[PDB]
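Written below as structure tokens is the structure these notes are about.
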Ligand SMILES: [Zn+2]
């Protein structure tokens with residue numbers, strides 16, 4: 002018989056804190072595994088910090104009111132929920148700081164490059180900018196006055212990329228990461244391009260590995276161990292998520 | 020005797036599979052870890068066997084030389100179950139016991155304790171070189187070339207080649243061991259003082 | 001191949017057999033004759049961080075000879091029984107140096123052997139890392165196999181074993 | 001050759017590496033290897049003087065391009081190798097110092121004689137930098153807090169070292185030795201990390 | 018015996034692929050022919096070829112693993128293939144009335160890398176039985192070289208025909224076969240008397256050396272352990288006591304080890320020894 | 001540095017439990033926060056939905072985030088309902104699927120191990136089936152899935168790998184081995200392909 006789902010959908014076609060937390064967890068999971076320093080979500084983190092401040096004030100006010120039924124479960128849940136949110140943001144920020152420490156000179160050369168397509172203001176937070184600058188400066192001072200003071204000017208650079216071995220550390224672009232193919236972020240499939248339907252009817256993406264000149268079909272709802280460089284474009288579009 | 024042997028094997032198999040103290044199946048985990056490093060054995064504590072089902076311990080301590088091969092068979096079956104994907131050639135596992143029973147002085151071992159399990163202490167004074175005891179004994183009839191196999195448990199009661211052609235008369239002792247198809251295990255003689 | 005990677009730093013400082021190509025003057029500071037120069041067609045052992053550069057700049071100054079650790083005898087040993095090979099005695103940094111040699115010489119055949127060696131040995135070290143001792147109240161094979169791992173596999177084993185141990189400790193807490 | 005001192009230095013650095021890895025004894029960085037640092041730095045000075053001696057001798061003398069290029073090139077390579085060994089050692093020490101600072105900002109501010125003057129100044133300013141981070145914008149969250157997820161809100165603790173009386177946010181804690189509490193894990197995390205409370 | 022023929026043809030293909038072994042066989046044959054045609088001379092090259100296990104592994108890994116794991120089924124076919132190769136490419140000279148009857152099969156010897164089979168007499172457990180292993184150690188005892196019978200050729204002075212008979216023992220052939228009581232057949236099938244023809248029969252020398260592990264290799268607190276190698280033919284007198292040696296052979300077992308009624312609870316084992324190649 | 005060595009590129013199992021605890025679960029409340037028609048403090052949380060918490064009616068199944076269900080189960084104020092996949096019939100079905108298809112994993116939920124552990128520890132009296140049997144079937148599933156993983160870690164090429172239907176804890180424990188062996192087999196390949 003003819004399908005009537007179209008009219009049923011027709012008659013049904015007359054930023055939320057949960058979504059903010061879900062995006063924070065997704066960003067944290069991606070940051071923990073991705074070899075590169077992922078771009079900072081300024082707006083999401085601003086909203087999250089505002090929410091934490093307002094909820095802490097609300098808890099303090101409710102506690103003052105209680106300081107004059121005896122339902123303490125909501126207050127306990129508020130406190131522990133805020134603790135969990137603070138832990139997630141703590142771990143995220145500290146992972147980003149560790150990645151900044153690992154790739155300080157790479158970030159510096161990106162900043163000093165006028166031909167670079169990215170900027171630290173668009174990739175690091177303000178506190179991350181300050182921490183990166185201060186840490187790079189102090190470590191430079193230490194290494195200078197401990198080792199480089201007794202070295203000639205041709206071997207005194209802290210970012211000598213022309214030496215016997217490159218001394219600026221770059222992220223391992225071809226690092227292997229665990230990816231779960233989410234599919235398009237929206238619930239509609241045909242709208243999103245790049246989704247070449249595979250045989251057996253399961254939709255899939257298609258990414259090629261330049262080193263091997265091989266094409267691999269990334270089926271939706273499947274788990275893969277893929278090179279990060281191959282996945283980077285899909286990951287930036289949230290079509291896949293690092294496990 | 021097949022029914023009783025199968026029942027004993029199944030009981031000790033269930034002991035291997037089901038025993039756990041607190042959230043961890045001790046002997047399943049130990050068996051898997053032993054298989055991983057090619058350690059085909061299982062060190063079974065005796066307090067655990069008593070606590071699980073004291074009837075099994077009574078059966079074991081009554082006639083150890085007849086029950087222990089059944090327990091080794093159960094260990095082998097569990098190993099196949101938990102380390103081989105259904106749909130072999132896995133050696134018969136060895137059972138290593140740990141006991142805390144009262145130690146019997148070496149001079150107190152007399153006519154009683156014969157065929158019993160005894161725990162005793164001493165100092166080793168000699169260790170022989172490794173011998174070779176057969177377990178799988180591929181065997182062939184001398185005249186009619188009727189090849190068969192024999193499996194050895196190595197727990198002497200208190205077996206030999208068959209005294210029959212076992213499928234013209236072929237004589238009284240028609241069997242010669244095929245040494246290129248047999249499987250052996252190493253055995254060592256100690257000397258406790 | 002990070003600059004500050006101590007494993008890579010130590011891998012660089014390994015002597016390699018290499019013959020010279022020029023009657024170069026004035027060198028040999030610590031090569032048994034500081035003032036007296038180095039003769040042409042002289043076979044000398046040099047650190048990799050030096051021989052690597054000296055074999056490309058220039069006919070290059072220094073010609074690199076096939077080291078013993080990649081000789082056909084070691085290759086046959088690798089192809090025979092990869093698991094039971096004492097690669098720690100051959101070279102404590104065998105895999106890093108093999109990768110460097112392949113990178114230098116584009117040896118498509120040494121790489122095809124060392125990759126299979128790595129896979130076959132990774133199977134066994136995963137088997138040993140995922141087998142955790144249980145107390146009823158370390159195995160001989162585990163301890164006698166862990167003595168035959170380079171400084172690279174000794175880190176993969178440590179990481180994987182720590183991961184398995186953490187998972188076991190969490191599950192059975 | 002010339003990197004043997006540097007090779008010994010990085011070998012000792014590897015020892016410190018695995019040394020501190022070892023679980024979490026929070027070991028103190030082995031006292032700076034000043035003696036080996038001095039020798040290799042002196043070894044660098046001799047190499048630099050040799051380059052200066054050769055360059056001036058090349059100008060006044062009749063030196064062809066071959067030896068003048070090659071001796072300088074080899075000396076430069078040796079100096080680079082020594083620089084790399086020194087840098088690796090210093091970077092490992094700096095990484096361990098950063099780990100200690102991050103973990104002990106809530107534990108203690110400490119034998120400090122194991123550190124050179126430069127390293128002591130680096131740690132002293134790094135603590136200030138961490139405190140600046142914990143106060144700029146991320147003040148709502150405790151950036152120096154524990155990285156273990158907060159599983160259970162309520163825990164029970166046992167007082168290890170007597171500390172008399174300590175004021176909490178609302179009431180007060182009487183840290184009597186060998187007395188057990190049952191309090192929220194939030195307000196005792198610093199004391200547990202410092203080493204005054206024990207259980208979980 | 019389809020598998021036997023398959024192994025034989027596979028090894029013939031291997032010998033054809035690596036022509037160095039064919040060149041060595043040719044060199045041995047021409048050396049023997051020249052010595053026969055040329086006096087106080089006794090240097091005759093043996094019918095033995097040293098094949099590298101690495102070449103066998105690179106050619107056919109299945110055959111190489113079969114040699115290294117179950118040589119009792121892979122070495123006899125390879126030896127038969129080598130014998131057929133030598134016979135086909137033989138210079139087909141005039142017979143000497145003895146080489147026709149006296150068997151001279153081309154034995155095999157191995158070299159190269161062994162891996163887990165490069166053992167010592169202490170680490171030679173019972174899991175290595177029936178496998179091709181190499182043991183290194185010091186020769187301590189050497190039996191007297193004593194010829195042993197493997198074929199007796201008989202002449203019946205009533206029909207002018209020659210009848211032979213092959214003999215096999217546990218220490219001669221790898222595959223197990225019914226032992227022969229080593230009694231010469233004095234009467235034919237048709238009631239004819241036979242006279243044994245020595246000089247047309249075939250005897251091979253037989254020695255039993257003893258190899259023990261090097262004393263410095265022994266673990267702290269234990270005396271060196273020893274194994275018994277059974278060298279035969281060209282390998283007799285190759286070793287003397289005190290010689291450090293590296294013997295390659297098949298770790299074989301013999302006997303019924305109890306299991307003979309005479310022993311029911313008796314717990315002795317089997318007699319194990321290496322058939323040196 | 002800021003992030004410890006053992007937390008570099010993996011998740012500690014505590015963090016996996018933390019991630020799992022954010023998934024909704026169905027509970028039977030033992031309290032009633034539904035305000036009658038005829046004061047009280049509402050939850051008003053910021054990282055989840057408080058609607059199902061302010062409208063709890065005793066013995067009326069709702070869905071709350073797992074870390075709150077556990078918090079209520081700390082007292083006697085709720086009763087966690089075991090998910091449908093955590094019954095003896097479904098576990099037997101999954102075991103049969105594993106024994107029938109030796110090339111692919113069964114379709115267990117990504118949090119099956121973590122959820123099973125948490126529910127067995129904190130909600131041991133809310134199972135319609137004997138927990139001593141659920142544990143024995145969870146262990147059997149873990150053993151079969153471990154056998155299949157060890158026989159697929161034998162396919163660690165340098166291009167990619169498809170670990171379909173693998174759980175989250177299993178992936179987390181296999182990450183430092185797979186992702187560090189494939190890196191080396193990729194470095195070897197790229198070194199060879201330097202032409
Ligand atoms: Zn018969």
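Protein chains in written order, with full-length UniProt numbering: chain A, 2 to 15, 54 to 107, 120 to 294; chain B, 20 to 106, 130 to 200, 205 to 213, 234 to 259; chain C, 1 to 58, 69 to 147, 158 to 193; chain D, 1 to 110, 119 to 208; chain E, 18 to 55, 86 to 324; chain F, 1 to 38, 46 to 202.
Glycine residues also receive a C-beta, built at the ideal position from the N, C-alpha and C atoms.
(1) Kindly confirm or deny that the stretch 34-42 of chain C and the stretch 242-254 of chain B touch, where touching means at least three C-beta pairs closer than 8 Å.
(2) Could you tell me which of A:194, A:56, A:250 sits nearest to residue 85 of chain A, measuring between CA atoms?
(3) Hey, how far is the Cα of residue 140 of chain B from the Cα of residue 254 of chain E?
(4) Tell me the DSSP secondary structure of residue 157 of chain E in three-state form.
(5) Taking 7 Å as the line, does the beta carbon of residue 238 of chain B fall inside it for any heavy atom of ligand 1?
(6) So with CB distances below 9 Å, who are the chain A contacts of residue 49 of chain C?
(7) Beta carbon of residue 156 of chain E, beta carbon of residue 97 of chain E: below 8 Å?
(8) Out of D:184, D:187, D:162, D:45, state which residue places its alpha-carbon closest to the alpha-carbon of residue 197 of chain D.
(9) Kindly confirm or deny that the stretch 85-94 of chain A and the stretch 132-145 of chain A touch, where touching means at least three C-beta pairs closer than 8 Å.
(10) Would you kindly work out how many angstroms separate the C-alpha atoms of residue 282 of chain E and residue 297 of chain E, rounded to a whole number?
(11) Let me know the secondary structure DSSP gives residue 245 of chain E once reduced to three states.
(12) Residues of chain C with CB closer than 8 Å to the CB of residue 162 of chain E, please, in chain order.
(13) Using 8 Å as the limit for Cβ to Cβ distance, is residue 131 of chain D near chain F?
(14) Give the interface partners of residue 220 of chain A over in chain C, defined as CB-CB distance under 7 Å, in chain order.
(15) Could you check whether the Cβ of residue 21 of chain D sits closer than 8 Å to any Cβ belonging to chain F?
(16) Is it buried or exposed, residue 186 of chain B, if we count other Cβ atoms within 10 angstroms and call 16 or more buried?
(17) If distances are taken between C-alpha atoms only, which option among E:236, E:100, E:205 comes closest to residue 164 of chain E?
(18) With a threshold of 7 Å on Cβ separation, who are the neighbours of residue 65 of chain A within its own chain once the five nearest residues in sequence on each side are excluded?
(19) Would you kindly report the start and end of the unbroken alpha helix (DSSP H) that includes residue 266 of chain A?
(20) Going along the chain, which residues of its own chain have a beta-carbon closer than 8 Å to the beta-carbon of residue 88 of chain E, five neighbours each way excluded?
(21) Closer than 6 Å by C-beta to residue 260 of chain A: which residues in its own chain qualify, once you throw out the five before and the five after it? Chain order, please.
(22) Pull up the distance between the alpha-carbon of residue 189 of chain A and that of residue 86 of chain F, whole angstroms please.
(23) Within a Cβ cutoff of 6 Å, which residues of the same chain sit near residue 185 of chain D, ignoring the five residues on either side of it in sequence?
(24) Taking Cβ to Cβ, would you say residue 89 of chain B is nearer than 8 Å to residue 76 of chain B?
(25) Are any of the Cβ atoms in chain C nearer than 8 Å to that of residue 22 of chain E?
(26) Looking at residue 185 of chain B and ligand 1, is the gap between the Cβ and the nearest heavy atom below 7 Å?
(27) How would you list, in chain order, the residues of chain C whose beta-carbon sits under 7 Å from the beta-carbon of residue 203 of chain D?
(28) Could you tell me whether any Cβ in chain H is nearer than 8 Å to the Cβ of residue 75 of chain F?
(29) What in chain D is Cβ-close to residue 70 of chain C, meaning under 8 Å?
(30) Can you tell me which of the three DSSP states residue 34 of chain B falls into?
(31) Considering only the alpha carbon of each residue, which of B:196, B:164, B:211 lies closest to residue 135 of chain B?
(32) In the DSSP assignment, the beta strand (DSSP E) including residue 44 of chain C goes from what residue to what residue?
(33) Would you mind working out which of C:93, C:87, C:110 sits nearest residue 74 of chain C, comparing C-alpha positions?
(34) Can the beta-carbon of residue 181 of chain B be found closer than 8 Å to that of residue 194 of chain B?
(35) For residue 224 of chain E and residue 183 of chain B, what's the separation of their Cα atoms in angstroms?
(36) For a cutoff of 8 Å on Cβ pairs, would you count residue 128 of chain A as touching chain F?
So, to answer that:
(1) no
(2) One-based indexing of the first chain puts residue 85 of chain A at position 46. Nearest option by C-alpha distance: A:56.
(3) Here residue 140 of chain B corresponds to residue number 98 of the second chain, with the count starting at 1. Here residue 254 of chain E corresponds to residue number 207 of the fifth chain, with the count starting at 1. Straight-line Cα distance between these residues: approximately 48 Å.
(4) Position 110 of the fifth chain, counted from the first residue, corresponds to residue 157 of chain E. Three-state DSSP puts residue 157 of chain E in a strand.
(5) As a first step, residue 238 of chain B must be located in the second chain, where it is residue number 172. The answer is no for residue 238 of chain B.
(6) Position 49 of the third chain, counting from 1, holds the residue named residue 49 of chain C. Neighbours of residue 49 of chain C on chain A, chain order: 215, 216.
(7) For the purposes of this step, residue 156 of chain E is identified with residue 109 of the fifth chain, where counting begins at 1. For the purposes of this step, residue 97 of chain E is identified with residue 50 of the fifth chain, where counting begins at 1. Contact: yes.
(8) Counted from its first residue, the fourth chain places residue 197 of chain D at position 189. Comparing Cα positions, the closest option is D:162.
(9) yes
(10) The count along the fifth chain starts at 1 and reaches residue 282 of chain E at position 235. The count along the fifth chain starts at 1 and reaches residue 297 of chain E at position 250. Near 15 Å, if we compare the C-alpha coordinates of residue 297 of chain E and residue 282 of chain E.
(11) As a first step, residue 245 of chain E must be located in the fifth chain, where it is residue number 198. The answer is coil: DSSP assigns residue 245 of chain E none of H, G, I, E or B.
(12) In the fifth chain, counting from the first residue as 1, residue 162 of chain E sits at position 115. Under the 8 Å cutoff, chain C gives 87, 90, 91, 94, 95.
(13) Counting from one through the fourth chain, the residue named residue 131 of chain D turns up at place 123. It does not; no Cβ of chain F falls within 8 Å.
(14) Your numbering for residue 220 of chain A matches position 169 in the first chain. The answer, in chain order, is 2, 3.
(15) Your numbering for residue 21 of chain D matches position 21 in the fourth chain. At least one chain F Cβ lies under 8 Å of residue 21 of chain D.
(16) On the second chain, position 144 is the one that residue 186 of chain B refers to. By the 10 Å Cβ count, residue 186 of chain B comes out exposed.
(17) Within the fifth chain, numbered from 1, the residue matching residue 164 of chain E stands at position 117. The candidate whose alpha carbon is nearest that of residue 164 of chain E is E:100.
(18) What you label residue 65 of chain A is simply residue 26 of the first chain in a count that begins at 1. Same-chain partners within the cutoff: 292.
(19) In the first chain, residue 266 of chain A corresponds to position 215, counting from 1. First-last for residue 266 of chain A: 265-270, but that is the beta strand (DSSP E), not the alpha helix (DSSP H).
(20) The residue you call residue 88 of chain E lines up with position 41 of the fifth chain. Same-chain partners within the cutoff: 52.
(21) Taking the first residue of the first chain as 1, we reach residue 260 of chain A at position 209. Closer than 6 Å at the Cβ level, and outside the excluded window around residue 260 of chain A, lie 281.
(22) Locating residue 189 of chain A in the first chain gives position 138, counting from the first residue. Locating residue 86 of chain F in the sixth chain gives position 79, counting from the first residue. Each residue's alpha carbon lies about 56 Å from the other.
(23) Position 177 of the fourth chain, counting from 1, holds the residue named residue 185 of chain D. For residue 185 of chain D, where only same-chain residues beyond five positions count, the Cβ hits under 6 Å are 167, 170.
(24) By 1-based counting over the second chain, the position of residue 89 of chain B is 70. By 1-based counting over the second chain, the position of residue 76 of chain B is 57. Not a contact, by the Cβ cut-off of 8 Å.
(25) Here residue 22 of chain E refers to the residue found at position 5 of the fifth chain. No, its Cβ sits nowhere closer than 8 Å to a Cβ of chain C.
(26) For the purposes of this step, residue 185 of chain B is identified with residue 143 of the second chain, where counting begins at 1. Within the cutoff, so yes.
(27) Taking the fourth chain and counting its residues from 1, one reaches residue 203 of chain D at position 195. Under the 7 Å cutoff, chain C gives no residues; its nearest Cβ is about 23 Å from residue 203 of chain D.
(28) Considering every chain present, this structure includes no chain H. Its protein chains are A, B, C, D, E and F.
(29) Residue 70 of chain C sits at position 60 when you count from the first residue of the third chain. None at all; the shortest Cβ gap to chain D is about 12 Å.
(30) Taking the first residue of the second chain as 1, we reach residue 34 of chain B at position 15. Note: residue 34 of chain B maps to helix in three-state DSSP.
(31) Here residue 135 of chain B refers to the residue found at position 93 when the second chain is read from its first residue. The option with the nearest alpha carbon to residue 135 of chain B is B:196.
(32) Translated into positions along the third chain, residue 44 of chain C becomes position 44. Where residue 44 of chain C is concerned, the enclosing beta strand (DSSP E) stretches over 43-47.
(33) Mapped onto the third chain, residue 74 of chain C falls at position 64. Measuring from the Cα of residue 74 of chain C, the nearest candidate turns out to be C:110.
(34) What you label residue 181 of chain B is simply residue 139 of the second chain in a count that begins at 1. What you label residue 194 of chain B is simply residue 152 of the second chain in a count that begins at 1. No, they are not a contact pair.
(35) If you number the fifth chain from 1, residue 224 of chain E lands on position 177. If you number the second chain from 1, residue 183 of chain B lands on position 141. Residue 224 of chain E and residue 183 of chain B: Cα-Cα distance of roughly 11 Å.
(36) Start at 1 with the first residue of the first chain, and residue 128 of chain A comes out as number 77. Chain F contact via Cβ: present.
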